[PDB]
Amino acid sequence: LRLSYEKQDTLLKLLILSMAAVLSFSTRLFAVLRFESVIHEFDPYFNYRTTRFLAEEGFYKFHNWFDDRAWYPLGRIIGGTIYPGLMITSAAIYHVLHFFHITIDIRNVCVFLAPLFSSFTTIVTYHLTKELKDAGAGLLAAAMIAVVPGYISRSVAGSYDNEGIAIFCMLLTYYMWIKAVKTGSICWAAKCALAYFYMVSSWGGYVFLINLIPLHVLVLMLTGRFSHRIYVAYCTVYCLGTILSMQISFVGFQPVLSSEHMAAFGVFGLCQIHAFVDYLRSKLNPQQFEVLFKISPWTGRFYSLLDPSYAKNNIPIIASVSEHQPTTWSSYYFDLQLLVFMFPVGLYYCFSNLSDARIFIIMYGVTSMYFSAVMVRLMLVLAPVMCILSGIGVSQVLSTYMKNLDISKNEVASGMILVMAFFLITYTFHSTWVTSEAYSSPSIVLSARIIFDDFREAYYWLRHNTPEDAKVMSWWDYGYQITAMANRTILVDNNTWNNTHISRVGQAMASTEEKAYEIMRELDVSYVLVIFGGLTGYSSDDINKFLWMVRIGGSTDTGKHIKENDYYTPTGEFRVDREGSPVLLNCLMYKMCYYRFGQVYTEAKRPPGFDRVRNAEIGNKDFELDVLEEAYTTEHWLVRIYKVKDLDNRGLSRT
Amino acid sequence: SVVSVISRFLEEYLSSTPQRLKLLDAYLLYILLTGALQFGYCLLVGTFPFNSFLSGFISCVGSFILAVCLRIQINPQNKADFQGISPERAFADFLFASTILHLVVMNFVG
Amino acid sequence: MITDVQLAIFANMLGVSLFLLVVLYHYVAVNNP
Amino acid sequence: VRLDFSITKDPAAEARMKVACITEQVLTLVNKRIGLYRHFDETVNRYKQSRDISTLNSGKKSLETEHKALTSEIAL
Amino acid sequence: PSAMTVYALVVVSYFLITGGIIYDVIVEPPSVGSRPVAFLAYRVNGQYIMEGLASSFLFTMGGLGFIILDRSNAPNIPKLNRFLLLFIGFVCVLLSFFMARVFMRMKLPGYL
Amino acid sequence: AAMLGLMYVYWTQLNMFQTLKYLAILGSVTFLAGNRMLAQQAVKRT
Ligand SMILES: CC(=O)N[C@H]1[C@H](O[C@H]2[C@H](O)[C@@H](NC(C)=O)[C@@H](OP(=O)(O)OP(=O)(O)OC/C=C(\C)CC/C=C(/C)CC/C=C(/C)CC/C=C(/C)CC/C=C(/C)CC/C=C(/C)CC/C=C(/C)CCC=C(C)C)O[C@@H]2CO)O[C@H](CO)[C@@H](O[C@@H]2O[C@H](CO[C@H]3O[C@H](CO[C@H]4O[C@H](CO)[C@@H](O)[C@H](O)[C@@H]4O)[C@@H](O)[C@H](O)[C@@H]3O)[C@@H](O)[C@H](O[C@H]3O[C@H](CO)[C@@H](O)[C@H](O)[C@@H]3O[C@H]3O[C@H](CO)[C@@H](O)[C@H](O)[C@@H]3O[C@H]3O[C@H](CO)[C@@H](O)[C@H](O[C@H]4O[C@H](CO)[C@@H](O)[C@H](O[C@H]5O[C@H](CO)[C@@H](O)[C@H](O)[C@H]5O[C@H]5O[C@H](CO)[C@@H](O)[C@H](O)[C@H]5O)[C@H]4O)[C@@H]3O)[C@@H]2O)[C@@H]1O
Ligand SMILES: CCCCCCCCCCCCCC(=O)O[C@H](COC(=O)CCCCCCCCCC)COP(=O)(O)OCC[N+](C)(C)C
Ligand SMILES: CCCCCCCCCCCCCC(=O)O[C@H](COC(=O)CCCCCCCCCC)COP(=O)(O)OCC[N+](C)(C)C
Ligand SMILES: *[C@@H]1O[C@H](CO)[C@@H](O[C@@H]2O[C@H](CO)[C@@H](O)[C@H](O)[C@H]2NC(C)=O)[C@H](O)[C@H]1NC(C)=O
Ligand SMILES: Cc1cnc(NC(=O)c2cc(S(=O)(=O)N(C)C)ccc2N2CCCC2)s1
Ligand SMILES: [Mn+2]
């Protein structure tokens, strides 16, 4: 009342912003209230085990670092193969607290760093949208960003992966570029180069930034809107950004001799070839001017995003992961509700008033949408831009219907604000439900309250009851955990940087017992860890993914007898019952995944030796492993650890 | 046959251009020449140390581009696209960008 | 600690209040003198 | 806040600031004057005034109006 | 040129993409129910062609409705035409936002 | 001039953790003096 318009306005903007921030930080906090604060899934177990070694030992003792506890015979270098972004933002955030005598743990400032960086995303989004248009349509973006279900899936409290901290860097870089294009100041461009540098060091998806920018300038150059502002900004950002990007040891000399970063360069030369021509035309006349008138190819990984079928045909490892398939009508709406509708309206409102800044948002939305269409995992990029577009659209509708009200036809004018409020509420509800029920489930804690924590008990056993120089060999999926929890030297890791060693391990499985033993001697493997999952109903059994093992071991020069369409039955169906193919019933994988199993009564009224996951009886009821004596089998038979026997003493053929 | 126009253009650019702006062009030519020499020596011998030549060449392309940016902003004629960017706030910005560029060049070179 | 249900209810209430407040802010914005 | 860190000083920008500050002083003075005059008229003219307190209130209101006129002349 | 003639193309591509055309082409799903049931039982991302194109069309309507609404507000429009245009926009908005929700519930029983 | 000299003293001897602090100090001194001189110049130009 008595408060002036200024004070009221700013106190409302501040209130709403603070509330949005708290909302975002307190909605990705479900996996912690239910189960204790522990990092989850296959990747966050490596980033953690690296940030920890970078905390105690100074940065200079981590830039170069040879980890001889992964790919045992080979050994992988962690110093120059990983983007050191997350580890230096977490080490710094931990060191500052220690300097302030907070003395927090390194496993507690490393779990709550995704939600914290999803509380700074809100502010950056609010500004990135307070630039394209009025503050009025900026807040409406922040709150929607706070509770966007697709983004929340990759940034819950416990997912220490460079994917909930990458979006923040992308937004900051875009805000810097938008400011540079809007104003043209050298300083702003610089402050963008720096953001790109802090983004090329944390997220492997920085090719987007050196491919949307050239696209943006090309469009701002084909329609005839290329002024000196864009020229100055682009050139400065290019130079500084590329030189900064080359610093990182992992990137090396990629920006200058690769076909992924050839866009920026081409647009640079076509920028000059344009500015100079304009200058010449200004100082000349039509008549005289008329008179005068090694590089590597597209790497398969990034090429798979263009051709959506290249993966299936050629790369037999990128198609394995579930989250590598095209998105359906049931993923877009499930993760983004009411945003999908808002996207066309936001586009239309942009296309209505083209400007230097907007022609960038439209390009980003058009590209990101297609990239999300090809692969479900890319939904990271899509949700923020869609949210920004949604913010620019609902607000416009509200603004259009906010002036018609007599206080500021009346019934029709209200009908819109009321419908919009109802849609916003429905969106908040659906977002909370999606975060709660589904996108929040601990990976290593199979639960139905009954808790199955075998994935931890077996690793702890390994870590405590094996010689300090074991060689636990398991599928590349579990490499990150075994080295962070079991603390052994797993033969294959999750980076899959050698497609012959992994093929080797594949061959060692789904083969005759002899061949397997022979392959399990060159690498000096001792223990063997297979995730049975049959007795508990686990969906992702080792047998379930055993097709990938047979299809990635028989695709190299070393082994070809393992050809597919041989483990199948005459009718080509993968049945693991008594009528299955004889070779299948004899491979090392199955032989070590159903050993002394055709006796347990898994179900009330079923044949003794039943399998819950495949709903079929076992074929090889009783057999004795020749080389693999048993060593441990967890209470629920969820993870079985065997141990390769040594060469026979008397030199007999067996064992 | 096409030299008359070139000479006329140069003459024009030697009367219609204010001082304290030609000097910028001279320094720009200097950078363009040091870059040309660098590239020529690279072609003549090839590159054993790649990061050495690459960062002893960017350290010139970046400077050249910063100089051109300063000439653009300083130019009074081009004071419609840039609003509120006084010449002093352009020179200081150029100095800051140059400092970053040189620091990174020093870090990258051997 | 805090029951999951409690946190969900708090999230719902906060989100609804934040959206109503955003609408109110749009009304105040248009009404500028 | 106490650090200017500005290379170029523009007169119109500072003029707007000063005019807004003056308009704030004036609005506060008008609000205070209306509150005072109304309170004096309500607390001194209930049933008996004797033309003594009313004269003092009129003098105070004239002084306030004179100060507001001086501030308006200064801003003009 | 013709800046709008581009927004039309973009909207058409958006309709084709949000109907999972990439999924259809990559992994051909039979557009049939095994009495035919259009929607898949429980898979979060399992698209039959009928579930896809039909769901997408709804989103496109859920966008054109708003565009029609905002366009109607333009002044100097006869009341007879304005009323019809606003009616169409409201019907498209409400109908798309309810049909999509019902479709989602049907595809994934236990929703909300 | 000292800032540029440092750009050479960080080549031979120093590491990226001592050069940065020195720059953080010399640059600040350069910035404050520069700003003052630039303001004076701007006033004189008008
Ligand atoms: C499956 C697969 O693949 N995988 C993979 C993996 O993966 C992974 C990953 O990684 C991970 N990650 C991490 C981080 O970890 C994960 O990931 P994730 O999950 O995913 O996560 P993230 O990432 O984060 O996230 C993700 C997300 C996503 C991404 C998202 C996305 C989104 C988006 C959006 C995207 C986008 C897309 C796109 C496409 C874009 C687009 C856009 C748009 C818009 C569209 C549009 C379009 C367009 C185009 C546009 C257009 C536009 C326009 C405008 C138009 C245009 C216009 C125009 C005009 C144009 C123009 C034109 C022109 C210009 C023409 O996870 C995953 C999984 O798990 O990874 C891995 C890695 O690790 C990988 O692996 C790798 O690989 C590689 C390659 O490969 C190779 O190989 C192959 C095969 O074969 C072979 O191999 C095998 C096996 O191995 C065998 O067996 C066989 O036999 C054979 O042999 C081949 O083929 C190829 O070729 C290749 O070769 C490799 O390499 C690697 O390896 C490596 O590594 C390993 C481990 O690490 C190791 O072990 C090994 O050994 C190796 O190592 C190496 O390397 C390293 C690094 O690399 C290092 O460190 C080491 O040491 C070594 O090194 C060495 O060697 C090398 C060889 O190469 C060399 O090179 C080096 O050297 C270098 O370096 C160094 C350092 O480093 C240096 O030193 C040097 O330098 C030096 O020397 C030189 C000589 O010359 C000189 O020069 C210089 O100077 C020196 O320097 C020195 O020195 C001086 C005195 O002297 C001083 O001064 C200074 O200082 C110093 O420095 C250099 O050179 C050495 O030697 C592996 O393996 C896998 O694969
Ligand atoms: C999902 C994939 C679907 C593919 C769809 C591709 C569309 C994505 C490109 C988005 C770019 C939007 C920018 C844009 O459209 O600019 C508009 C319209 O003017 C033009 O832009 C004309 C050129 C349009 C294409 C320019 C880039 C082409 C592809 C980029 C490499 C500006 O037009 P104006 O120049 O403002 O209007 C003038 C028209 N007169 C009649 C007056 C002459
Ligand atoms: C927001 C922007 C900042 C984001 C920070 C993100 C962290 C990324 C750092 C990744 C490290 C890349 C590799 C690297 O830094 O090189 C290290 C030197 O190591 C370092 O110095 C790391 C310093 C990290 C902070 C740098 C601030 C960047 C400001 C640019 C002016 C090696 O340098 P030195 O080992 O010191 O060189 C020794 C020999 N010389 C003669 C060459 C001096
Ligand atoms: C994981 O196992 C390794 C192998 O023993 C442990 O590394 C040893 O750590 C102790 C620290 O008390 C050192 O004194 C030894 O020298 C290390 N071993 C070797 C071979 O160098 C490591 O500590 C274990 N990780 C834990 C316990 O967290
Ligand atoms: C089995 C796997 C699971 N996850 C994996 N990692 C990638 O697939 C991947 C990695 C990079 S990268 O930047 O790390 N590159 C190594 C420099 C880029 C793109 C990538 N994919 C995005 C779409 C197709 C390729 S492999
Ligand atoms: Mn990751």
# chains A, B, ... in the order shown; residues from 1 in each chain; ligands from 1
>>> interface_residues(of="chain B", to="chain D", cutoff="9 Å", atoms="only C-alpha atoms", output="list in words")
residues 86, 88 and 89 of chain B
>>> write_last_selection(atoms="C-alpha atoms", output="PDB file, in the first residue's frame")
ATOM      1  CA  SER B  86      33.188   5.094 -25.094  1.00  0.00           C
ATOM      2  CA  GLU B  88      38.283   4.546 -23.084  1.00  0.00           C
ATOM      3  CA  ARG B  89      35.945   1.678 -22.194  1.00  0.00           C
TER       4      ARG B  89
END
>>> residues_around(residues="region 7-18 of chain F", least_positions_apart="5", cutoff="12 Å", atoms="only C-alpha atoms", output="list in words")
residues 58, 59 and 60 of chain A; 98, 99, 100, 101, 102, 103, 104, 105, 106, 107, 108, 109 and 110 of chain B; 1, 2, 23, 24, 25, 26 and 27 of chain F
>>> write_last_selection(atoms="C-alpha atoms", output="PDB file, in the first residue's frame")
ATOM      1  CA  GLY A  58      47.314 -31.403  -4.596  1.00  0.00           C
ATOM      2  CA  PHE A  59      46.056 -30.581  -8.101  1.00  0.00           C
ATOM      3  CA  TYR A  60      49.569 -30.957  -9.510  1.00  0.00           C
TER       4      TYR A  60
ATOM      5  CA  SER B  98      44.934  -9.084 -24.540  1.00  0.00           C
ATOM      6  CA  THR B  99      46.198  -9.917 -21.055  1.00  0.00           C
ATOM      7  CA  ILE B 100      44.075 -13.075 -20.943  1.00  0.00           C
ATOM      8  CA  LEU B 101      45.214 -14.059 -24.445  1.00  0.00           C
ATOM      9  CA  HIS B 102      48.904 -13.635 -23.621  1.00  0.00           C
ATOM     10  CA  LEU B 103      48.616 -15.499 -20.318  1.00  0.00           C
ATOM     11  CA  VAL B 104      46.991 -18.462 -22.052  1.00  0.00           C
ATOM     12  CA  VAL B 105      49.592 -18.326 -24.838  1.00  0.00           C
ATOM     13  CA  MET B 106      52.381 -18.499 -22.264  1.00  0.00           C
ATOM     14  CA  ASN B 107      50.703 -21.446 -20.547  1.00  0.00           C
ATOM     15  CA  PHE B 108      50.215 -23.340 -23.817  1.00  0.00           C
ATOM     16  CA  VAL B 109      53.661 -22.821 -25.363  1.00  0.00           C
ATOM     17  CA  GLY B 110      56.629 -24.893 -24.244  1.00  0.00           C
TER      18      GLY B 110
ATOM     19  CA  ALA F   1      55.052  -3.312 -17.895  1.00  0.00           C
ATOM     20  CA  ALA F   2      55.417  -5.461 -14.778  1.00  0.00           C
ATOM     21  CA  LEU F  23      48.774 -11.328 -11.475  1.00  0.00           C
ATOM     22  CA  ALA F  24      45.789 -11.004  -9.126  1.00  0.00           C
ATOM     23  CA  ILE F  25      47.789  -8.301  -7.315  1.00  0.00           C
ATOM     24  CA  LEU F  26      49.617  -6.497 -10.146  1.00  0.00           C
ATOM     25  CA  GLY F  27      46.487  -6.543 -12.296  1.00  0.00           C
TER      26      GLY F  27
END
>>> select_by_dssp(residues="chain F", states="helix (DSSP H, G or I)", output="PyMOL selection string")
chain F and resi 2-12+19-45
>>> write_last_selection(atoms="N, CA and C atoms", output="mmCIF file, in the first residue's frame")
data_model
loop_
_atom_site.group_PDB
_atom_site.id
_atom_site.type_symbol
_atom_site.label_atom_id
_atom_site.label_comp_id
_atom_site.auth_asym_id
_atom_site.auth_seq_id
_atom_site.Cartn_x
_atom_site.Cartn_y
_atom_site.Cartn_z
ATOM 1 N N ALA F 2 55.141 -4.366 -15.700
ATOM 2 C CA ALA F 2 55.417 -5.461 -14.778
ATOM 3 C C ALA F 2 54.572 -6.678 -15.123
ATOM 4 N N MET F 3 53.317 -6.455 -15.516
ATOM 5 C CA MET F 3 52.438 -7.556 -15.896
ATOM 6 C C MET F 3 53.006 -8.310 -17.089
ATOM 7 N N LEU F 4 53.499 -7.575 -18.087
ATOM 8 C CA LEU F 4 54.100 -8.255 -19.229
ATOM 9 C C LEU F 4 55.379 -8.967 -18.808
ATOM 10 N N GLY F 5 56.199 -8.330 -17.970
ATOM 11 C CA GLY F 5 57.418 -8.983 -17.519
ATOM 12 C C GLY F 5 57.084 -10.303 -16.854
ATOM 13 N N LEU F 6 56.069 -10.275 -15.990
ATOM 14 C CA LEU F 6 55.599 -11.481 -15.328
ATOM 15 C C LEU F 6 55.232 -12.535 -16.357
ATOM 16 N N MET F 7 54.575 -12.118 -17.447
ATOM 17 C CA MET F 7 54.230 -13.081 -18.490
ATOM 18 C C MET F 7 55.452 -13.849 -18.989
ATOM 19 N N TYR F 8 56.657 -13.316 -18.772
ATOM 20 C CA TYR F 8 57.911 -13.978 -19.118
ATOM 21 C C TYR F 8 58.542 -14.692 -17.935
ATOM 22 N N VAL F 9 58.278 -14.216 -16.717
ATOM 23 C CA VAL F 9 58.860 -14.852 -15.535
ATOM 24 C C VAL F 9 58.052 -16.071 -15.135
ATOM 25 N N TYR F 10 56.869 -16.237 -15.710
ATOM 26 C CA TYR F 10 56.043 -17.409 -15.473
ATOM 27 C C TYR F 10 56.375 -18.505 -16.476
ATOM 28 N N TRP F 11 57.263 -18.212 -17.420
ATOM 29 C CA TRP F 11 57.724 -19.190 -18.395
ATOM 30 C C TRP F 11 58.916 -19.955 -17.830
ATOM 31 N N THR F 12 60.003 -19.247 -17.536
ATOM 32 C CA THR F 12 61.205 -19.867 -17.001
ATOM 33 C C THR F 12 60.956 -20.576 -15.671
ATOM 34 N N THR F 19 52.073 -17.586 -10.271
ATOM 35 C CA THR F 19 51.873 -16.535 -11.263
ATOM 36 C C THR F 19 50.480 -15.931 -11.157
ATOM 37 N N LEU F 20 49.459 -16.769 -10.956
ATOM 38 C CA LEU F 20 48.095 -16.262 -10.871
ATOM 39 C C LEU F 20 47.923 -15.307 -9.696
ATOM 40 N N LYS F 21 48.466 -15.645 -8.523
ATOM 41 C CA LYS F 21 48.337 -14.748 -7.374
ATOM 42 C C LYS F 21 49.030 -13.414 -7.647
ATOM 43 N N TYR F 22 50.228 -13.475 -8.236
ATOM 44 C CA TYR F 22 50.963 -12.251 -8.526
ATOM 45 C C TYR F 22 50.178 -11.414 -9.516
ATOM 46 N N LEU F 23 49.579 -12.063 -10.516
ATOM 47 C CA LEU F 23 48.774 -11.328 -11.475
ATOM 48 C C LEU F 23 47.566 -10.729 -10.772
ATOM 49 N N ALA F 24 46.946 -11.487 -9.868
ATOM 50 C CA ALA F 24 45.789 -11.004 -9.126
ATOM 51 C C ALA F 24 46.106 -9.741 -8.346
ATOM 52 N N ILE F 25 47.377 -9.506 -8.042
ATOM 53 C CA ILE F 25 47.789 -8.301 -7.315
ATOM 54 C C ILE F 25 48.234 -7.183 -8.262
ATOM 55 N N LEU F 26 49.149 -7.494 -9.185
ATOM 56 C CA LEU F 26 49.617 -6.497 -10.146
ATOM 57 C C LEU F 26 48.489 -6.015 -11.047
ATOM 58 N N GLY F 27 47.620 -6.927 -11.481
ATOM 59 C CA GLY F 27 46.487 -6.543 -12.296
ATOM 60 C C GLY F 27 45.546 -5.615 -11.560
ATOM 61 N N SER F 28 45.282 -5.894 -10.281
ATOM 62 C CA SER F 28 44.412 -5.004 -9.521
ATOM 63 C C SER F 28 45.022 -3.610 -9.415
ATOM 64 N N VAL F 29 46.330 -3.534 -9.148
ATOM 65 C CA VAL F 29 46.974 -2.221 -9.054
ATOM 66 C C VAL F 29 46.897 -1.502 -10.396
ATOM 67 N N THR F 30 47.129 -2.251 -11.479
ATOM 68 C CA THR F 30 47.069 -1.696 -12.824
ATOM 69 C C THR F 30 45.664 -1.230 -13.148
ATOM 70 N N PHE F 31 44.658 -1.990 -12.721
ATOM 71 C CA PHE F 31 43.276 -1.650 -13.020
ATOM 72 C C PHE F 31 42.881 -0.369 -12.306
ATOM 73 N N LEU F 32 43.194 -0.259 -11.014
ATOM 74 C CA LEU F 32 42.775 0.941 -10.299
ATOM 75 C C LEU F 32 43.480 2.174 -10.860
ATOM 76 N N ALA F 33 44.788 2.067 -11.132
ATOM 77 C CA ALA F 33 45.480 3.234 -11.665
ATOM 78 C C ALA F 33 44.956 3.551 -13.057
ATOM 79 N N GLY F 34 44.750 2.511 -13.867
ATOM 80 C CA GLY F 34 44.281 2.704 -15.219
ATOM 81 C C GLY F 34 42.954 3.423 -15.229
ATOM 82 N N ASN F 35 42.010 2.941 -14.415
ATOM 83 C CA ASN F 35 40.697 3.564 -14.336
ATOM 84 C C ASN F 35 40.818 5.039 -13.989
ATOM 85 N N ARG F 36 41.638 5.370 -12.983
ATOM 86 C CA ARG F 36 41.795 6.782 -12.631
ATOM 87 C C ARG F 36 42.322 7.599 -13.810
ATOM 88 N N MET F 37 43.385 7.107 -14.453
ATOM 89 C CA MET F 37 43.971 7.832 -15.580
ATOM 90 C C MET F 37 42.999 7.933 -16.749
ATOM 91 N N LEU F 38 42.240 6.869 -17.005
ATOM 92 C CA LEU F 38 41.277 6.876 -18.097
ATOM 93 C C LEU F 38 40.176 7.888 -17.835
ATOM 94 N N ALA F 39 39.684 7.949 -16.597
ATOM 95 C CA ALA F 39 38.683 8.951 -16.255
ATOM 96 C C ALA F 39 39.223 10.349 -16.522
ATOM 97 N N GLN F 40 40.439 10.631 -16.040
ATOM 98 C CA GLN F 40 41.038 11.940 -16.288
ATOM 99 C C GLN F 40 41.107 12.234 -17.785
ATOM 100 N N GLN F 41 41.616 11.273 -18.563
ATOM 101 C CA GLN F 41 41.717 11.450 -20.009
ATOM 102 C C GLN F 41 40.354 11.749 -20.617
ATOM 103 N N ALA F 42 39.335 10.978 -20.226
ATOM 104 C CA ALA F 42 37.994 11.186 -20.755
ATOM 105 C C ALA F 42 37.524 12.603 -20.483
ATOM 106 N N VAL F 43 37.740 13.084 -19.258
ATOM 107 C CA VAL F 43 37.298 14.433 -18.921
ATOM 108 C C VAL F 43 38.022 15.448 -19.794
ATOM 109 N N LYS F 44 39.331 15.261 -19.978
ATOM 110 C CA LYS F 44 40.108 16.190 -20.795
ATOM 111 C C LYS F 44 39.644 16.189 -22.248
ATOM 112 N N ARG F 45 39.276 15.017 -22.774
ATOM 113 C CA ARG F 45 38.850 14.923 -24.169
ATOM 114 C C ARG F 45 37.612 15.767 -24.444
#
>>> residues_near_ligand(ligand="ligand 1", cutoff="6 Å", atoms="only C-alpha atoms and all ligand atoms", output="number ranges by chain")
A: 76-77, 80-83, 162, 203-205, 207-208, 211-212, 214-215, 218, 249-250, 252, 262-263, 266-267, 301-303, 305, 317-318, 367, 378, 494-500; B: 48-51, 110
>>> residues_around(residues="residue 64 (chain D)", least_positions_apart="6", cutoff="12 Å", atoms="only C-alpha atoms", output="PyMOL selection string")
chain D and resi 26+28-37+57-58+70-71
>>> residues_around(residues="region 86-100 of chain E", least_positions_apart="2", cutoff="7 Å", atoms="only C-alpha atoms", output="number ranges by chain")
E: 55, 58-59, 61-62, 65-66, 68-69, 72, 82-84, 102-104
>>> residues_near_ligand(ligand="ligand 6", cutoff="8 Å", atoms="only C-alpha atoms and all ligand atoms", output="number ranges by chain")
A: 43-44, 161-163
>>> residues_near_ligand(ligand="ligand 4", cutoff="12 Å", atoms="only C-alpha atoms and all ligand atoms", output="PyMOL selection string")
chain A and resi 49+52-53+67-69+460+462-470+482-489
>>> residues_near_ligand(ligand="ligand 2", cutoff="9 Å", atoms="only C-alpha atoms and all ligand atoms", output="PyMOL selection string")
(chain A and resi 215-216+218-225+351+353-355+358-360+362-370) or (chain E and resi 1-14+17)
>>> write_last_selection(atoms="C-alpha atoms", output="PDB file, in the first residue's frame")
ATOM      1  CA  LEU A 215      25.120 -21.760 -37.034  1.00  0.00           C
ATOM      2  CA  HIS A 216      23.746 -18.711 -35.215  1.00  0.00           C
ATOM      3  CA  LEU A 218      25.481 -17.995 -40.317  1.00  0.00           C
ATOM      4  CA  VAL A 219      21.776 -17.332 -39.923  1.00  0.00           C
ATOM      5  CA  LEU A 220      22.492 -13.789 -38.696  1.00  0.00           C
ATOM      6  CA  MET A 221      24.439 -13.494 -41.929  1.00  0.00           C
ATOM      7  CA  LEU A 222      22.119 -15.082 -44.519  1.00  0.00           C
ATOM      8  CA  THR A 223      19.090 -12.902 -43.738  1.00  0.00           C
ATOM      9  CA  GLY A 224      21.152  -9.696 -43.737  1.00  0.00           C
ATOM     10  CA  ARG A 225      21.547  -8.688 -40.124  1.00  0.00           C
ATOM     11  CA  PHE A 351       9.393 -15.652 -35.167  1.00  0.00           C
ATOM     12  CA  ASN A 353       9.692 -10.379 -33.637  1.00  0.00           C
ATOM     13  CA  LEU A 354      13.071 -11.471 -34.987  1.00  0.00           C
ATOM     14  CA  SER A 355      16.131  -9.881 -33.394  1.00  0.00           C
ATOM     15  CA  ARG A 358      16.213 -14.413 -30.581  1.00  0.00           C
ATOM     16  CA  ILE A 359      17.426 -15.915 -33.897  1.00  0.00           C
ATOM     17  CA  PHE A 360      19.804 -17.795 -31.584  1.00  0.00           C
ATOM     18  CA  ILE A 362      15.122 -20.401 -32.268  1.00  0.00           C
ATOM     19  CA  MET A 363      18.181 -22.156 -33.706  1.00  0.00           C
ATOM     20  CA  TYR A 364      18.986 -23.755 -30.355  1.00  0.00           C
ATOM     21  CA  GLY A 365      15.437 -25.026 -29.936  1.00  0.00           C
ATOM     22  CA  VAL A 366      15.267 -26.377 -33.495  1.00  0.00           C
ATOM     23  CA  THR A 367      18.552 -28.246 -33.125  1.00  0.00           C
ATOM     24  CA  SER A 368      18.177 -29.484 -29.541  1.00  0.00           C
ATOM     25  CA  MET A 369      14.696 -30.837 -30.323  1.00  0.00           C
ATOM     26  CA  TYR A 370      15.993 -33.046 -33.136  1.00  0.00           C
TER      27      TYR A 370
ATOM     28  CA  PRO E   1      12.282 -15.052 -47.070  1.00  0.00           C
ATOM     29  CA  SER E   2       8.670 -15.326 -45.822  1.00  0.00           C
ATOM     30  CA  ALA E   3       9.564 -15.637 -42.149  1.00  0.00           C
ATOM     31  CA  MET E   4       6.255 -17.299 -41.258  1.00  0.00           C
ATOM     32  CA  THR E   5       6.596 -19.838 -44.111  1.00  0.00           C
ATOM     33  CA  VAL E   6       9.496 -21.080 -41.982  1.00  0.00           C
ATOM     34  CA  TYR E   7       7.527 -21.326 -38.749  1.00  0.00           C
ATOM     35  CA  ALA E   8       5.065 -23.527 -40.642  1.00  0.00           C
ATOM     36  CA  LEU E   9       7.870 -25.888 -41.659  1.00  0.00           C
ATOM     37  CA  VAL E  10       9.261 -25.902 -38.119  1.00  0.00           C
ATOM     38  CA  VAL E  11       5.845 -26.703 -36.624  1.00  0.00           C
ATOM     39  CA  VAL E  12       5.347 -29.520 -39.137  1.00  0.00           C
ATOM     40  CA  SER E  13       8.740 -30.966 -38.234  1.00  0.00           C
ATOM     41  CA  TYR E  14       7.874 -30.631 -34.543  1.00  0.00           C
ATOM     42  CA  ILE E  17       9.271 -35.500 -34.278  1.00  0.00           C
TER      43      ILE E  17
END
>>> select_by_dssp(residues="region 465-601 of chain A", states="strand (DSSP E)", output="list in words")
residues 527, 528, 529 and 530 of chain A
>>> interface_residues(of="chain C", to="chain A", cutoff="7 Å", atoms="only C-alpha atoms", output="ChimeraX atom specification")
/C:2,4,8,11-12,14-16,18-22,25-27,29-31
>>> interface_residues(of="chain A", to="chain B", cutoff="8 Å", atoms="only C-alpha atoms", output="PyMOL selection string")
chain A and resi 183-187+190+227-229+232+235-236+239-240+243-244+247+253+283-284+288+291-292
>>> atom_distance(atom1="CA of residue 103 (chain A)", atom2="CA of residue 55 (chain A)")
12.9 Å
>>> atom_distance(atom1="atom 42 (C, counted along the ligand's line) of ligand 3", atom2="CA of residue 248 (chain A)")
13.1 Å
>>> decode(residues="region 14-22 of chain F", atoms="C-alpha atoms", output="mmCIF file, in the first residue's frame")
data_model
loop_
_atom_site.group_PDB
_atom_site.id
_atom_site.type_symbol
_atom_site.label_atom_id
_atom_site.label_comp_id
_atom_site.auth_asym_id
_atom_site.auth_seq_id
_atom_site.Cartn_x
_atom_site.Cartn_y
_atom_site.Cartn_z
ATOM 1 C CA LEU F 14 57.006 -20.004 -11.953
ATOM 2 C CA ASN F 15 54.053 -22.403 -11.957
ATOM 3 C CA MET F 16 50.407 -21.554 -12.658
ATOM 4 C CA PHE F 17 49.659 -21.295 -8.922
ATOM 5 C CA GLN F 18 52.120 -18.511 -8.019
ATOM 6 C CA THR F 19 51.873 -16.535 -11.263
ATOM 7 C CA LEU F 20 48.095 -16.262 -10.871
ATOM 8 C CA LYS F 21 48.337 -14.748 -7.374
ATOM 9 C CA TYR F 22 50.963 -12.251 -8.526
#
